[PDB]
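**Student:** Below is one structure. I have some questions about it.
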Amino acid sequence: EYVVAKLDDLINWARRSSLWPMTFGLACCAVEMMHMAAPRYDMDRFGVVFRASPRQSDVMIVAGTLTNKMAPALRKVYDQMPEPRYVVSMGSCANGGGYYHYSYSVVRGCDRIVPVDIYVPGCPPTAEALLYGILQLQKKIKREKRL
Amino acid sequence: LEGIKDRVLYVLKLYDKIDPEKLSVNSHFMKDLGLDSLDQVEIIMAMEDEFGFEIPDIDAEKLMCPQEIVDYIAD
Amino acid sequence: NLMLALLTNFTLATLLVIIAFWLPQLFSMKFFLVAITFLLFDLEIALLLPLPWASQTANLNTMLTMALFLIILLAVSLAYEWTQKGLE
Amino acid sequence: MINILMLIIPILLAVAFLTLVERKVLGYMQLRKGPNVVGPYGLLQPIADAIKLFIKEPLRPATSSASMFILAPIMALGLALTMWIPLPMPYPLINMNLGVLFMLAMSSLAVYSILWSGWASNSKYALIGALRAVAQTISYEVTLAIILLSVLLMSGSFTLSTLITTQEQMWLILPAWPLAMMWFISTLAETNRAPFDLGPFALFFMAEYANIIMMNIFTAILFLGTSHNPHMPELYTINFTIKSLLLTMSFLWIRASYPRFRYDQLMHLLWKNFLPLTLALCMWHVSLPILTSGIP
Amino acid sequence: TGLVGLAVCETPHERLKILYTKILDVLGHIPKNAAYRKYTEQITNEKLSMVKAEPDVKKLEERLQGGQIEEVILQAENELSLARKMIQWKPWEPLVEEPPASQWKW
Amino acid sequence: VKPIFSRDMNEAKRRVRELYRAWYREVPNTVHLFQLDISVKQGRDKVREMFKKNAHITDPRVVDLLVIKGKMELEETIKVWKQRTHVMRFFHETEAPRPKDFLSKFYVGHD
Amino acid sequence: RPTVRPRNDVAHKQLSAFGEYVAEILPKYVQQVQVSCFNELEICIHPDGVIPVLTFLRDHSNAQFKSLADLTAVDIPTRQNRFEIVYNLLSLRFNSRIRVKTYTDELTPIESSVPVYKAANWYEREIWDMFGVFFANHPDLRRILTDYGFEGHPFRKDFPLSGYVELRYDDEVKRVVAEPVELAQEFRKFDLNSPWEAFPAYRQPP
Amino acid sequence: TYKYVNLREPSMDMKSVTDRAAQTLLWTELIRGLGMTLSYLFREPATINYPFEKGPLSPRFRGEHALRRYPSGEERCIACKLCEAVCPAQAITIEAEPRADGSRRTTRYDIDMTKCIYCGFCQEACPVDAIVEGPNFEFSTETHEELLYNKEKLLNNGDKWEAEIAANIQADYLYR
Ligand SMILES: NC(=O)c1ccc[n+]([C@@H]2O[C@H](COP(=O)([O-])OP(=O)(O)OC[C@H]3O[C@@H](n4cnc5c(N)ncnc54)[C@H](OP(=O)(O)O)[C@@H]3O)[C@@H](O)[C@H]2O)c1
Ligand code: SF4
Ligand code: SF4
Ligand code: SF4
């Protein structure tokens with residue numbers, strides 16, 4: 001009864017410890033995503049590892065703008081991901097097309113392709129604000145599989 | 001050529017959007033059978049693969065009847 | 001025992017595979033020339049392997065001329081690899 | 001026979017606790033902070049990676065060909081752990097009749113671990129890159145056998161216990177000056193990802209990092225020694241660990257400091273350039289016990 | 001000494017003189033009434049006089065080029081191709097093509 | 001004449017015929033190499049309905065431009081290009097689809 | 001003027017010499033209209049011969065341009081002839097910028113600039129993409145900035161900014177990404193156009 | 001201007017050839033390259049852990065939108081559609097109605113965070129200084145609906161940041 005409730009938090013602590021994100025270089029946002037590696041603002045080995053890889057990674061960060069050419073391309077990456085997967089839409093383009101939006105080529109929302117759990121609103125998403133996205137992800141993991 | 005009309009008629013009758021008994025020998029595919037400008041010539045392309053010979057664009061315009069197609073098939 | 005030591009490592013290695021498997025529920029022929037040369041050199045290594053363990057009872061003067069001889073021809077085989085090997 | 005379990009369980013912990021060293025020591029090289037949030041200094045993270053990948057992380061195979069893919073990690077982990085048995089240490093577990101021949105044999109069979117993984121995927125897209133990764137390991141094993149023999153021909157038989165006794169006053173780095181430089185480079189070819197780089201996927205990490213410690217220890221036997229002392233096992237145990245740890249820092253040094261050498265020019269460093277150099281030193285090491293009396 | 005470009009800096013004089021004398025004859029084959037022949041000839045004759053007066057001096061190369069003889073030789077090499085294309089396709093000699101529709105202002 | 005385009009009146013019609021054969025041979029090939037999707041027979045029916053909308057022919061200038069476009073959107077399969085059953089799919093999968101009637105469209109109320 | 005004026009005209013008369021020099025050849029085949037304003041030169045060219053104009057300025061004894069670098073196109077529906085392909089050319093030895101324009105409607109094919117300039121073929125693909133202008137005797141005419149399953153030409157002023165196929169759902173089908181859905185959010189059409197004429201001399205009599 | 005990247009044969013004869021050969025025979029420069037990271041390891045790293053330490057900023061910084069008000073009550077936004085037309089993303093929407101009797105200040109006021117590329121243009125175009133960009137980082141949602149700002153309300157809830165905004169605007173009048 002007591003052991004059942006405490007063991008569930010231990011599995012959730014494993015994802016609270018480390019999260020491996022996908023390095024998508026599809027944006028100006030991606031340069032701010034490279035500022036996560038930049039020593040001044042770091043989640044590197046605090047949780048984030050820049051090894052990425054399409055299969056081994058648990059998190060995938062959709063960096064900024066997505067076109068109709070990349071719409072089938074990013075979808076097949078999501079299928080290759082393991083079952084505990086979290087998608088962060090870092091940047092205003094990823095949230096619903098910050099710029100462009102009404103344009104012909106840019107896909108609105110990202111959720112029309114891949115479902116999003118954590119939204120980051122910032123165009124140049126400041127590394128200070130980017131640190132919230134990973135910290136909120138760790139906080140959001142509370143309870144998984146009761147029965 | 002001997003035994004050429006039998007090989008072409010078997011493939012033409014088996015194909016879709018064509019009458020099995022109403023249209024056979026001498027009758028034109030575009031005039032007598034009842035087919036479109038692109039649809040009639042498309043049936044001739046399927047017969048070329050079965051026989052084992054490539055047909056040019058210039059010779060395809062003149063040919064329409066299976067009796068006329070048998071003479072063009074010989075090389 | 002060597003048999004007891006070897007089998008303990010493999011049986012624990014098999015058990016680690018089952019943990020991940022059972023618990024959760026919800027072209028170019030230029031590569032070939034490199035591979036062949038590996039085999040042909042290692043056989044010359046196999047002939048040159050006994051050297052530290054062999055040279056204990058046998059005469060040194062008879063061995064010296066023969067021991068270097070295998071290494072010389074092992075360099076001649078590499079000298080044939082300089083006369084156009086390829087883009088690799 | 002309980003000592004075998006006392007050479008797998010603390011060894012699996014050593015591969016686990018590498019994750020701290022592999023990104024904190026590498027971290028200060030890159031002026032970044034490594035593990036800090038998870039533990040007091042991040043000591044809770046290495047064991048946390050095990051709970052993440054083993055239990056909860058599920059499988060999605062490409063084709064799963066009956067026996068394979070669920071056999072390749074057994075060959076990967078099994079061959080990496082069996083390499084610990086012939087090791088001389090202060091005292092070896094079940095000492096072989098010939099030492100270094102067992103060491104070279106299980107490393108040459110460790111090539112299969114990256115071979116069966118290439119056969120696991122049905123696609124042609126993966127196997128071309130997989131064979132390229134085999135070429136990185138298979139080529140350097142030619143020279144690895146040569147540089148081994150030159151050290152052995154200087155002093156001692158194949159037995160690893162005799163290699164400690166021959167290093168009584170001075171290290172083997174000084175007589176084998178160009179040969180010691182070779183062992184810094186040649187060992188990095190076996191999936192270290194410093195000169196060249198290519199559930200069950202997590203098990204490969206536990207096997208590949210295990211070989212990194214293995215090459216660090218094996219270099220500290222062939223070239224390092226300082227003292228033996230049979231009466232005092234206390235003095236040898238502490239002094240051996242510090243020497244091996246300094247070589248572990250140099251393994252992570254190449255990973256951070258230096259870019260990849262290209263696959264084509266990896267075959268220009270070796271074969272074109274290293275193989276004429278190693279054999280010329282091998283020619284020199286044949287003459288050494290004949291020129292001056294040096295036979296075990 | 002070598003030029004920065006891919007074209008090799010070869011010590012060759014009168015090489016510029018041959019190519020500049022060759023192009024003058026090609027211009028006097030088909031166009032005669034056209035202004036293309038009348039204007040290009042007087043520039044080439046002005047340049048040829050500088051080569052004859054100055055013997056292998058860097059100041060001669062500095063005149064209307066200032067990137068050594070290798071850059072000036074490239075200007076003569078494509079001059080024969082430009083003259084032959086102008087002789088083949090009539091444009092300079094004949095003018096009879098239709099005028100555009102009356103619109104220009106945005 | 002002006003402007004050239006590629007062919008003059010009658011020659012433009014036979015360029016469509018050459019284009020039709022090249023695309024007819026690819027629809028059986030784009031099942032095993034690509035994906036099963038729907039059907040081989042249904043894929044060939046998608047060809048005929050595409051050319052019916054294009055069937056007008058008043059000037060060779062319009063016809064010639066359709067050949068160049070026809071050797072591009074239907075070429076997106078021959079030389080092996082990435083689509084992943086999303087690009088080059090012409091038929092609507094999620095279409096309602098609407099009908100043209102004064103009883104069907106007026107009941108839903110549109111425009 | 002101290003802050004009001006950018007630069008005084010001094011090289012304007014020097015650049016006007018080019019407006020005479022090329023016009024001294026006087027082809028109806030090539031020349032037509034020569035416009036020069038704000039230290040820049042603009043030439044428009046008759047559709048029949050574009051390649052002979054591009055072989056000129058390349059090499060040449062008087063002026064050496066060589067680089068026919070940047071290539072644009074103008075969409076305008078006011079004229080009877082629609083499109084206007086604009087070449088931007090730069091000289092390294094001479095240090096000057098000249099412009100080459102085309103006046104034709106070019107729904108009918110136009111002559112390619114590939115044999116004269118190597119990088120021109122990549123720009124020629126963009127004009128066929130955005131505007132829909134075919135280049136005759138062109139090697140490899142492939143779509144770059146447009147989608148693989150895209151209908152029409154994305155830039156033309158005849159159709160809206162949102163388009164016809166733009167929204168891509170996933171929903172019911174397991175793998176197939178949707179296309180036929182057309183609805184998007186409302187782009188607010190601004191009617192901001194100031195009363196009174198902005199500048200004198202630019203006014204044309206009806 | 002010319003600077004030249006080419007060395008043009010560093011080795012000539014005997015002494016200059018041997019040292020250029022020594023770096024290729026063994027390593028030397030790799031050991032010299034090893035020493036670059038060696039001293040770089042010892043010097044203190046500049047690292048900021050976010051839940052405790054905070055990074056450097058400025059008096060003028062743009063984050064999440066919040067509309068300010070007068071010291072004695074009253075909404076500062078006057079409803080112009082000025083900021084609506086300047087907005088390059090068209091994130092801001094405004095529909096205005098008369099407030100009870102006399103006063104005419106807003107009704108509909110939605111700023112999309114699905115849009116908005118963050119310019120400070122709406123801060124600049126505003127004559128009354130209603131939208132002032134406050135030092136904000138914390139914004140994370142589960143849905144688009146929770147992310148896009150409603151009819152003022154949540155924008156008026158920027159009172160928690162308006163104390164900082166009032167301090168920041170004191171460094172803004174007569175710019176810096
Ligand atoms: N092909 C067929 O099998 C077939 C044939 C003929 C008719 N049908 C009909 O079609 C339907 C198919 O549905 P399905 O079997 O695909 O559904 P399902 O996979 O069983 O999914 C139902 C979901 O609802 C939740 N749920 C249902 N009852 C619950 C309860 N009492 N307490 C808590 N959670 C509950 C479950 O969550 P948890 O897992 O978290 O509890 C489960 O994820 C059936 O209702 C059947 O009548 C099916
Ligand atoms: S949100 Fe801003 S920074 Fe990010 S991709 Fe879009 S425009 Fe670039
Ligand atoms: S925010 Fe300022 S500019 Fe915009 S409507 Fe309100 S008062 Fe006018
Ligand atoms: S910051 Fe720019 S994009 Fe955002 S609401 Fe203001 S004007 Fe619009």
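Each chain of the structure tokens is named A, B, ... in the order shown, its residues numbered from 1; ligands are numbered from 1 in display order.
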Could you give me, as a CSV table (one decimal) with N, CA, C and O atoms, in the first residue's frame, every polymer residue with an atom at most 10 Å away from an atom of ligand 1, counting only C-alpha atoms and all ligand atoms?

**Tutor:**
chain,number,residue,atom,x,y,z
A,145,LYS,N,0.7,5.4,-14.2
A,145,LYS,CA,0.2,4.0,-14.0
A,145,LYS,C,-0.2,3.7,-12.6
A,145,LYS,O,0.7,3.2,-11.8
A,146,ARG,N,-1.4,3.9,-12.2
A,146,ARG,CA,-2.0,3.6,-10.9
A,146,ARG,C,-2.3,2.1,-10.7
A,146,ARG,O,-2.0,1.5,-9.7
A,147,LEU,N,-3.0,1.6,-11.7
A,147,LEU,CA,-3.4,0.2,-11.8
A,147,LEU,C,-2.8,-0.6,-12.9
A,147,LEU,O,-1.5,-0.9,-12.8
C,26,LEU,N,2.0,-2.3,-21.4
C,26,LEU,CA,1.0,-1.2,-21.6
C,26,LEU,C,-0.2,-1.7,-22.4
C,26,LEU,O,-1.3,-1.2,-22.2

**Student:** List as number ranges by chain the protein and nucleic acid residues lying within 7 Å of ligand 4, with only C-alpha atoms and all ligand atoms counted.

**Tutor:** H: 83, 86-92, 111, 115-123

**Student:** Mind writing the picked residues with N, CA and C atoms as a tab-separated table (two decimals), in the first residue's frame?

**Tutor:**
chain	number	residue	atom	x	y	z
H	83	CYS	N	-1.71	50.19	-31.99
H	83	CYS	CA	-0.85	49.02	-31.79
H	83	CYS	C	-1.28	47.81	-32.63
H	86	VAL	N	0.39	48.34	-36.34
H	86	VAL	CA	1.86	48.29	-36.29
H	86	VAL	C	2.35	46.85	-36.13
H	87	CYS	N	1.58	46.06	-35.38
H	87	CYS	CA	1.90	44.67	-35.06
H	87	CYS	C	2.18	43.82	-36.31
H	88	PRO	N	3.46	43.40	-36.48
H	88	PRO	CA	3.89	42.68	-37.69
H	88	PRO	C	3.41	41.24	-37.75
H	89	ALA	N	3.00	40.70	-36.60
H	89	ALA	CA	2.45	39.35	-36.50
H	89	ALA	C	0.92	39.35	-36.55
H	90	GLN	N	0.33	40.52	-36.31
H	90	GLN	CA	-1.13	40.71	-36.12
H	90	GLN	C	-1.67	39.88	-34.95
H	91	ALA	N	-0.89	39.83	-33.87
H	91	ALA	CA	-1.23	39.08	-32.66
H	91	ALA	C	-2.28	39.80	-31.82
H	92	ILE	N	-2.24	41.13	-31.85
H	92	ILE	CA	-3.14	41.96	-31.04
H	92	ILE	C	-4.43	42.32	-31.80
H	111	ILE	N	-4.25	39.30	-27.11
H	111	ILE	CA	-2.90	39.22	-27.67
H	111	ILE	C	-2.50	37.74	-27.75
H	115	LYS	N	1.11	33.70	-31.95
H	115	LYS	CA	1.78	34.69	-32.79
H	115	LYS	C	2.75	35.51	-31.92
H	116	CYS	N	2.95	36.78	-32.27
H	116	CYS	CA	3.85	37.73	-31.57
H	116	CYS	C	5.33	37.34	-31.57
H	117	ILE	N	6.11	38.07	-32.37
H	117	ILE	CA	7.56	37.84	-32.49
H	117	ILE	C	8.41	38.74	-31.57
H	118	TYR	N	7.73	39.52	-30.72
H	118	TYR	CA	8.35	40.40	-29.70
H	118	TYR	C	9.26	41.49	-30.28
H	119	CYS	N	8.67	42.67	-30.47
H	119	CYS	CA	9.34	43.81	-31.09
H	119	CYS	C	9.54	44.95	-30.10
H	120	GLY	N	8.53	45.17	-29.27
H	120	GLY	CA	8.40	46.41	-28.50
H	120	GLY	C	7.80	47.52	-29.35
H	121	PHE	N	7.30	47.16	-30.54
H	121	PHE	CA	6.64	48.10	-31.45
H	121	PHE	C	5.34	48.64	-30.87
H	122	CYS	N	4.56	47.74	-30.26
H	122	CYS	CA	3.32	48.10	-29.57
H	122	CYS	C	3.57	48.96	-28.33
H	123	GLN	N	4.74	48.77	-27.71
H	123	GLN	CA	5.22	49.63	-26.62
H	123	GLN	C	5.58	51.02	-27.14

**Student:** Can you tell me which residues come within 7 Å of ligand 3 when counting only C-alpha atoms and all ligand atoms, ideally as a list in words?

**Tutor:** residues 76, 77, 78, 79, 80, 81, 82, 83, 84, 94, 122, 125, 126, 127, 128, 129, 130 and 131 of chain H

**Student:** I want to know what sits within 9 Å of residue A:13, based on only C-alpha atoms, with residues of the same chain fewer than 3 positions away left out; could you give that as a PDB file with C-alpha atoms, in the first residue's frame?

**Tutor:**
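Now in out02.pdb:
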ATOM      1  CA  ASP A   8       5.961   5.091  -8.703  1.00  0.00           C
ATOM      2  CA  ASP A   9       7.831   8.278  -7.690  1.00  0.00           C
ATOM      3  CA  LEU A  10      11.187   6.458  -8.077  1.00  0.00           C
ATOM      4  CA  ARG A  16      13.416  13.970 -13.343  1.00  0.00           C
ATOM      5  CA  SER A  17      17.174  13.223 -13.234  1.00  0.00           C
ATOM      6  CA  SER A  18      17.992  13.106 -16.970  1.00  0.00           C
ATOM      7  CA  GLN A 138      10.425  17.534 -14.633  1.00  0.00           C
ATOM      8  CA  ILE A 141       5.878  14.177 -14.276  1.00  0.00           C
TER       9      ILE A 141
ATOM     10  CA  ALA D  48      19.306   7.010 -12.031  1.00  0.00           C
ATOM     11  CA  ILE D  51      16.277   2.941 -13.630  1.00  0.00           C
ATOM     12  CA  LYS D  52      15.409   5.072 -16.699  1.00  0.00           C
TER      13      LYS D  52
END

**Student:** Counting only C-alpha atoms and all ligand atoms, what residues are within 8 Å of ligand 2, given as a CSV table (one decimal) with C-alpha atoms, in the first residue's frame?

**Tutor:**
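File pocket.csv, as written:
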chain,number,residue,atom,x,y,z
A,26,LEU,CA,15.3,24.1,-38.1
A,27,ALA,CA,15.2,27.7,-36.6
A,28,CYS,CA,16.8,30.9,-35.3
A,29,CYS,CA,15.4,29.3,-32.1
A,30,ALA,CA,18.0,26.5,-32.6
A,32,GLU,CA,19.2,29.8,-28.6
A,63,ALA,CA,12.6,24.3,-32.8
A,64,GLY,CA,10.7,27.1,-34.4
A,65,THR,CA,9.4,27.2,-38.0
A,90,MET,CA,10.2,26.1,-28.0
A,91,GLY,CA,9.6,29.4,-29.9
A,92,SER,CA,6.6,31.4,-31.1
A,93,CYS,CA,6.8,29.8,-34.6
A,94,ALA,CA,6.3,26.4,-32.9
A,97,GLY,CA,3.4,30.5,-36.2
A,98,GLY,CA,4.9,33.5,-34.5
A,99,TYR,CA,5.6,35.2,-37.7
A,121,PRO,CA,6.3,31.5,-26.0
A,122,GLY,CA,9.6,33.4,-26.7
A,123,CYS,CA,10.9,34.6,-30.0
A,124,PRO,CA,14.5,34.7,-29.3
A,125,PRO,CA,13.5,32.3,-26.4
H,117,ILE,CA,7.6,37.8,-32.5

**Student:** Nearest to chain D among A:126, A:114, A:68, A:144, with distances taken over only C-alpha atoms: which residue is it?

**Tutor:**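 Closest to chain D of all the choices is A:144.
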
**Student:** Would you kindly report the residues of chain H within 12 Å of chain E, using only C-alpha atoms, as an MDAnalysis selection string?

**Tutor:** chainID H and resid 2 4:6 8

**Student:** Taking C-alpha atoms for each residue, export the selection above as a PDB file, in the first residue's frame.

**Tutor:**
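As written to disk, again_30.pdb reads:
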ATOM      1  CA  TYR H   2      45.742  42.285 -48.291  1.00  0.00           C
ATOM      2  CA  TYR H   4      47.973  36.830 -46.826  1.00  0.00           C
ATOM      3  CA  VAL H   5      47.063  33.430 -45.332  1.00  0.00           C
ATOM      4  CA  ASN H   6      49.758  31.370 -47.115  1.00  0.00           C
ATOM      5  CA  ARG H   8      55.046  30.259 -48.533  1.00  0.00           C
TER       6      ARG H   8
END

**Student:** What is the atom CA of residue D:63-atom CA of residue C:35 distance in Å, reported with one decimal?

**Tutor:**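 It comes out at 27.9 Å.
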
**Student:** Find the spatial neighbours of stretch 26-41 of chain E, counting only C-alpha atoms, within a cut-off of 12 Å - ignore same-chain residues fewer than 6 positions away - and output them as number ranges by chain.

**Tutor:** E: 19-20, 47-48, 79-95; G: 21-27, 56, 60-63

**Student:** Please produce a file of those selected residues containing N, CA and C atoms, as an mmCIF file, in the first residue's frame.

**Tutor:**
data_model
loop_
_atom_site.group_PDB
_atom_site.id
_atom_site.type_symbol
_atom_site.label_atom_id
_atom_site.label_comp_id
_atom_site.auth_asym_id
_atom_site.auth_seq_id
_atom_site.Cartn_x
_atom_site.Cartn_y
_atom_site.Cartn_z
ATOM 1 N N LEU E 19 46.679 37.588 -79.628
ATOM 2 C CA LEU E 19 45.229 37.551 -79.393
ATOM 3 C C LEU E 19 44.514 38.867 -79.713
ATOM 4 N N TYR E 20 45.184 39.989 -79.442
ATOM 5 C CA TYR E 20 44.649 41.324 -79.735
ATOM 6 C C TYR E 20 44.693 41.693 -81.221
ATOM 7 N N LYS E 47 45.587 49.999 -76.296
ATOM 8 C CA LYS E 47 46.197 49.022 -75.391
ATOM 9 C C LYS E 47 47.433 48.352 -76.003
ATOM 10 N N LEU E 48 47.402 48.133 -77.320
ATOM 11 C CA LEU E 48 48.515 47.522 -78.063
ATOM 12 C C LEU E 48 49.772 48.393 -78.114
ATOM 13 N N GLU E 79 37.722 37.296 -75.409
ATOM 14 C CA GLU E 79 37.435 38.344 -76.398
ATOM 15 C C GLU E 79 37.167 37.772 -77.766
ATOM 16 N N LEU E 80 37.844 36.670 -78.093
ATOM 17 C CA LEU E 80 37.671 35.967 -79.370
ATOM 18 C C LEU E 80 36.365 35.216 -79.419
ATOM 19 N N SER E 81 35.915 34.732 -78.260
ATOM 20 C CA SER E 81 34.636 34.027 -78.124
ATOM 21 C C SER E 81 33.474 34.984 -78.179
ATOM 22 N N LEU E 82 33.684 36.202 -77.675
ATOM 23 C CA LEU E 82 32.662 37.254 -77.664
ATOM 24 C C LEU E 82 32.479 37.871 -79.026
ATOM 25 N N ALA E 83 33.564 37.938 -79.800
ATOM 26 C CA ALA E 83 33.547 38.501 -81.155
ATOM 27 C C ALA E 83 32.926 37.553 -82.150
ATOM 28 N N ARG E 84 33.149 36.252 -81.953
ATOM 29 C CA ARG E 84 32.607 35.203 -82.826
ATOM 30 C C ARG E 84 31.125 35.016 -82.621
ATOM 31 N N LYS E 85 30.666 35.217 -81.383
ATOM 32 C CA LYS E 85 29.242 35.125 -81.031
ATOM 33 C C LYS E 85 28.471 36.320 -81.529
ATOM 34 N N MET E 86 29.142 37.471 -81.597
ATOM 35 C CA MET E 86 28.560 38.714 -82.118
ATOM 36 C C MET E 86 28.487 38.701 -83.625
ATOM 37 N N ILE E 87 29.385 37.944 -84.255
ATOM 38 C CA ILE E 87 29.419 37.791 -85.713
ATOM 39 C C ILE E 87 28.400 36.789 -86.190
ATOM 40 N N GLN E 88 28.140 35.766 -85.370
ATOM 41 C CA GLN E 88 27.195 34.692 -85.702
ATOM 42 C C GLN E 88 25.766 35.150 -85.555
ATOM 43 N N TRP E 89 25.441 35.738 -84.402
ATOM 44 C CA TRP E 89 24.101 36.261 -84.129
ATOM 45 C C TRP E 89 24.084 37.731 -84.445
ATOM 46 N N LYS E 90 23.265 38.101 -85.430
ATOM 47 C CA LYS E 90 23.158 39.483 -85.901
ATOM 48 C C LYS E 90 22.336 40.295 -84.937
ATOM 49 N N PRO E 91 22.955 41.346 -84.401
ATOM 50 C CA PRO E 91 22.314 42.257 -83.445
ATOM 51 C C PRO E 91 22.887 43.644 -83.565
ATOM 52 N N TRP E 92 24.203 43.725 -83.769
ATOM 53 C CA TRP E 92 24.915 45.001 -83.892
ATOM 54 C C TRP E 92 24.713 45.623 -85.249
ATOM 55 N N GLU E 93 24.750 44.794 -86.295
ATOM 56 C CA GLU E 93 24.636 45.258 -87.682
ATOM 57 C C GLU E 93 23.215 45.573 -88.071
ATOM 58 N N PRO E 94 22.276 44.723 -87.652
ATOM 59 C CA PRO E 94 20.864 44.860 -88.022
ATOM 60 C C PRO E 94 20.010 45.232 -86.841
ATOM 61 N N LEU E 95 19.077 46.155 -87.075
ATOM 62 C CA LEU E 95 18.101 46.583 -86.071
ATOM 63 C C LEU E 95 16.768 46.755 -86.749
ATOM 64 N N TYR G 21 26.839 54.910 -74.394
ATOM 65 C CA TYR G 21 27.792 53.963 -75.007
ATOM 66 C C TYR G 21 27.159 52.683 -75.557
ATOM 67 N N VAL G 22 26.291 52.062 -74.759
ATOM 68 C CA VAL G 22 25.567 50.850 -75.164
ATOM 69 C C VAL G 22 24.482 51.216 -76.187
ATOM 70 N N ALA G 23 23.895 52.403 -76.016
ATOM 71 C CA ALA G 23 22.889 52.950 -76.933
ATOM 72 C C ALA G 23 23.466 53.445 -78.269
ATOM 73 N N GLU G 24 24.784 53.661 -78.315
ATOM 74 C CA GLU G 24 25.492 54.047 -79.545
ATOM 75 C C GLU G 24 25.557 52.906 -80.562
ATOM 76 N N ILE G 25 25.545 51.670 -80.056
ATOM 77 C CA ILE G 25 25.402 50.454 -80.869
ATOM 78 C C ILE G 25 24.017 50.451 -81.535
ATOM 79 N N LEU G 26 23.013 50.900 -80.774
ATOM 80 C CA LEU G 26 21.612 51.059 -81.208
ATOM 81 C C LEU G 26 20.985 49.813 -81.876
ATOM 82 N N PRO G 27 20.738 48.742 -81.086
ATOM 83 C CA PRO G 27 19.915 47.659 -81.616
ATOM 84 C C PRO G 27 18.458 47.747 -81.155
ATOM 85 N N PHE G 56 27.506 40.087 -73.936
ATOM 86 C CA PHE G 56 27.992 41.453 -73.747
ATOM 87 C C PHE G 56 28.038 41.746 -72.244
ATOM 88 N N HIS G 60 34.576 41.922 -72.570
ATOM 89 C CA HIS G 60 34.532 43.287 -73.144
ATOM 90 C C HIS G 60 35.685 44.220 -72.725
ATOM 91 N N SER G 61 36.239 44.925 -73.711
ATOM 92 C CA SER G 61 37.419 45.782 -73.524
ATOM 93 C C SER G 61 37.163 47.046 -72.693
ATOM 94 N N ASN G 62 36.028 47.704 -72.938
ATOM 95 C CA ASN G 62 35.678 48.962 -72.268
ATOM 96 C C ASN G 62 35.243 48.756 -70.815
ATOM 97 N N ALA G 63 34.359 47.782 -70.591
ATOM 98 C CA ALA G 63 33.847 47.464 -69.257
ATOM 99 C C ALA G 63 33.831 45.960 -69.006
#

**Student:** Could you please determine the separation between atom CA of residue E:70 and atom CA of residue E:57 in Å, to one decimal place?

**Tutor:**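 Value for the atom CA of residue E:70-atom CA of residue E:57 distance: 13.8 Å.
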
**Student:** Residue C:74: which residues within 12 Å, counting only C-alpha atoms, same-chain residues fewer than 5 positions away excluded, as a PyMOL selection string?

**Tutor:** (chain C and resi 37-38+40-45+47-48+67-69+79-81) or (chain D and resi 142+146+271+275-276+278-280+282-283)

**Student:** Report as a list in words: the residues of chain G with a DSSP assignment of helix (DSSP H, G or I), based on the backbone of this structure.

**Tutor:**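 Listing helix (DSSP H, G or I) positions across chain G yields residues 12, 13, 14, 15, 16, 17, 18, 19, 20, 21, 51, 52, 53, 54, 55, 120, 121, 122, 123, 124, 125, 126, 127, 128, 129 and 130 of chain G.
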
**Student:** At a cut-off of 9 Å, using only C-alpha atoms, what residues contact residue A:77? Leave out same-chain residues fewer than 4 positions from it and give the result as a PyMOL selection string.

**Tutor:** chain A and resi 54-55+73+81

**Student:** Give me, as a PyMOL selection string, the residues of chain H touching chain D, with the criterion being at most 9 Å (counting only C-alpha atoms).

**Tutor:** chain H and resi 26+30+33-34+36-49

**Student:** Using only C-alpha atoms, which residues of chain A come within 10 Å of chain F, and what is the closest atom pair for each, with the distance in Å to one decimal? Give it as CSV, sorted by chain and residue number.

**Tutor:**
residue,atom,partner,partner_atom,distance
A:68,CA,F:87,CA,9.2
A:69,CA,F:87,CA,8.4
A:71,CA,F:86,CA,8.8
A:72,CA,F:86,CA,6.4
A:73,CA,F:84,CA,8.0
A:75,CA,F:84,CA,9.7
A:76,CA,F:84,CA,8.5

**Student:** May I ask you to extract the residues of chain F within 9 Å of chain G, using only C-alpha atoms, and to give them as an NGL selection string?

**Tutor:** :F and (2-6 or 61-62 or 65 or 68 or 72-73 or 76 or 82-95)
